[PDB]
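Working notes for the structure below.
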Protein chains: 4
Amino acid sequence: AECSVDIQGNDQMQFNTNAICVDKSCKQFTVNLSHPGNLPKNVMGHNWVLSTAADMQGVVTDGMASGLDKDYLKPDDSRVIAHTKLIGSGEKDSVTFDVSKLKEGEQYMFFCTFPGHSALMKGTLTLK
Amino acid sequence: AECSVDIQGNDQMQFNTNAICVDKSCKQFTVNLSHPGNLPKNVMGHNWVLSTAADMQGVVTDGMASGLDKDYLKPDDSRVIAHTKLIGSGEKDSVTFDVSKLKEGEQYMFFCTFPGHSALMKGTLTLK
Amino acid sequence: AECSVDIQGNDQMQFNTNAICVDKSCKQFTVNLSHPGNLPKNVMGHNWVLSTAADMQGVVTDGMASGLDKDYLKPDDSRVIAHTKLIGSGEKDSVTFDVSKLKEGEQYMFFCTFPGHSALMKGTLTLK
Amino acid sequence: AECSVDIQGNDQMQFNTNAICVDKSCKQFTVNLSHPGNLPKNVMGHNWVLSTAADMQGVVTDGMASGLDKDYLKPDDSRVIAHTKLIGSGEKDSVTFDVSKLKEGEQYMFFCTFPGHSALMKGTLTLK
Ligand SMILES: [Cu+2]
Ligand SMILES: [Cu+2]
Ligand SMILES: [Cu+2]
Ligand SMILES: [Cu+2]
């Protein structure tokens with residue numbers, strides 16, 4: 001509640017939120033991702049990935065090419081501020097990151113990088 | 001155009017887009033597939049195949065079992081909403097299908113069924 | 001040199017030889033596999049896998065089902081006499097196996113089990 | 001028997017002849033190929049392919065690369081004087097060719113172009 005959000009990615013290619021605001025007074029912020037539904041990771045895998053709005057396209061593009069065994073993320077992608085693993089239905093993953101990595105006024109996007117998902121599974125993140 | 005999309009599958013085993021939007025005010029939608037590159041068709045052949053997300057795995061698995069002879073598609077597969085032929089380098093093929101075949105509340109995936117290709121060659125199709 | 005062979009699998013989905021001879025007077029035989037080219041493992045990965053001709057199809061079918069994370073080989077597959085790891089471009093791997101595992105009168109095939117690859121990446125191994 | 005020969009290719013990668021002599025008084029010559037054994041075409045396919053000795057390596061190499069659905073022969077290969085289709089166990093095929101295509105004094109080879117078989121399955125053909 002204070003410094004975390006719980007997010008679900010389902011079999012209908014939806015996150016159950018499209019907007020996050022991180023309280024600047026949190027030292028760290030945590031996203032707890034889960035995957036209701038029944039489809040497997042190779043058909044309906046979801047991650048939660050954070051970048052600047054400007055970097056989203058390249059993160060998604062390079063991620064899609066990286067393949068499932070790399071969680072559809074380019075390894076060591078410096079544009080990725082934080083991310084969960086790619087999960088299938090019934091799996092879960094959390095990611096915690098340092099709030100100092102964000103700056104007020106900058107535009108951030110969160111999204112899933114499974115091929116074709118970012119067009120449907122994305123939202124804004126703000127720091128206040 | 002308003003009722004079609006151009007898509008490329010290349011010799012890096014990628015499509016050049018992974019998300020398609022079909023405008024519900026179209027009667028029909030056309031996918032124009034092309035194949036930049038130069039590898040033989042029996043090495044890097046591509047098609048564009050559409051099914052629901054729930055059906056994708058079966059279409060791909062049965063498709064590979066069907067062999068090159070059958071363009072890696074199970075003949076008269078009822079799960080396949082639309083598909084192009086399998087093409088090699090420098091070739092083109094288009095498929096047109098009725099938008100009435102889609103519903104606003106369903107999840108669709110497009111993909112190549114050549115063995116192993118769907119690892120990267122897959123994406124979403126959404127009716128809006 | 002008398003008890004080993006160097007073999008390459010390339011970006012054209014070919015091995016650079018399709019017939020290997022194993023000298024009966026060798027106690028052990030070594031295959032040194034390399035991968036000229038530049039495609040990544042998840043597009044054009046190769047291994048070198050040995051079975052009887054009669055087991056080849058079953059090994060290839062089950063290997064495909066096993067996934068890239070298993071190097072496209074069924075775990076503990078009793079039909080695989082010997083195998084390298086799966087490698088991408090610029091990588092190499094060797095396997096050594098006891099020549100006593102080969103029997104006179106039997107027919108052997110080597111092949112890559114990456115999806116679709118065995119179509120062209122297959123060959124014979126003969127004990128002399 | 002004066003203008004034909006029956007040849008078997010078995011599960012042991014052997015033809016049952018290593019040498020053919022075509023009587024030049026024949027207008028045409030026929031090879032009747034059969035495949036004793038149990039193994040199917042995809043792991044133990046055999047064809048009977050005729051070229052000059054000088055052309056054999058290129059025919060075999062390009063044949064390999066062409067795949068099972070092309071009977072492991074390059075389409076319209078001008079170096080191929082005559083060929084059967086590729087057969088598996090229990091199957092049969094015959095080819096007839098004009099004897100005028102052959103020159104007395106020239107060296108010819110017959111062989112199977114299934115990957116790795118030509119090293120084991122080849123012989124000479126002479127016109128007299
Ligand atoms: Cu997703
Ligand atoms: Cu493809
Ligand atoms: Cu391979
Ligand atoms: Cu053969």
Here the correct list, in nm and shortest first, of distances from B:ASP76 to the same site in the other copies, label points 7 Å along Cα→Cβ, is 3.5, 4.2, 5.5
In a Gaussian network model of chain B with springs linking alpha carbons closer than 10 Å, the residue among B:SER78, B:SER89, B:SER34 that fluctuates most is B:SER78
Distances in nm between the label point of D:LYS128 (7 Å along Cα→Cβ) and its equivalents in the other copies, shortest first, are 2.8, 8.0, 9.9
Chain D, Gaussian network, Cα under 10 Å: of D:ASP69, D:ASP55, D:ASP98, the residue fluctuating most is D:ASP69
When chain B is treated as a Gaussian network with springs between alpha carbons less than 10 Å apart, the largest mean-square fluctuation among B:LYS92, B:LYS103, B:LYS74 is found at B:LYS103
Cβ density ranking, 10 Å radius, fewest first, applied to D:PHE15, B:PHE97 yields B:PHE97, D:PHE15
Partner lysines whose C-alpha sits under 18 Å from that of A:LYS24, ignoring same-chain residues fewer than 8 away, are A:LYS101, A:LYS103, A:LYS128
Distribution output for chain A: share of Cα-Cα pairs per 10 Å bin in percent, first bin at 0, values 14, 50, 31, 5
Inter-chain shielding metric for B:84-91, i.e. average beta-carbon neighbours from other chains within 10 angstrom, reads 0
Computed over all unlike Cα pairs, the Kirkwood hydrodynamic radius of the protein assembly as shown in Å stands at 25.6
For A:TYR108, the residues 5 or more places away or on another chain with a placed amide H closer than 5 Å to its own amide H are A:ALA53, A:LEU125
Mean per-residue count of partner chain Cβ within 10 Å for A:68-74 equals 2
The protein assembly as shown: antiparallel bridges as % of DSSP beta bridges, rounded to 5, reads 70
Ordered by fewest other Cβ atoms within 10 Å, a rough proxy for footprinting exposure, B:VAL5, C:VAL60 read B:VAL5, C:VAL60
homo-copy label distances at D:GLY105 (7 angstrom along Cα-Cβ), nm, one dp, ascending, are 4.9, 8.5, 9.2
So, relative contact order of chain C in percent, Cα under 8 Å, 6 or more apart, is 35
For chain A, percent of DSSP beta bridges that are antiparallel (nearest 5) comes out at 70
Listed by chain and number, the residues whose amide H is under 5 Å from that of D:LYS85, excluding neighbours fewer than 5 places away on the same chain and using placed H, are none
Note, the range A:115-127: 3J(HN,Hα) by Karplus (6.51, -1.76, 1.60, θ = phi - 60°), whole Hz, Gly/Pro = x, goes x, x, 7, 5, 5, 10, 10, 7, x, 9, 10, 10, 10
So the angle from the long Cα axis of helix A:56-66 to the longest Cα principal axis of chain A, reported in degrees to the nearest 10, equals 40
Put in order of increasing Cβ neighbours within 10 Å, starting from the fewest, C:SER51, D:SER4 give D:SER4, C:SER51
Partner shielding of C:39-45, taken as the mean number of other chain Cβ atoms within 10 Å, equals 6
Per the rotation taking chain A to chain C, min distance Cβ-to-axis on chain A (residue, whole Å) equals A:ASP69, 3
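Quick reminder, even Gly has a Cβ in these numbers, built from the backbone with ideal geometry, and neighbours come from all protein chains shown. Read the figures in this text as sums done on the coordinates, not as results from a lab.
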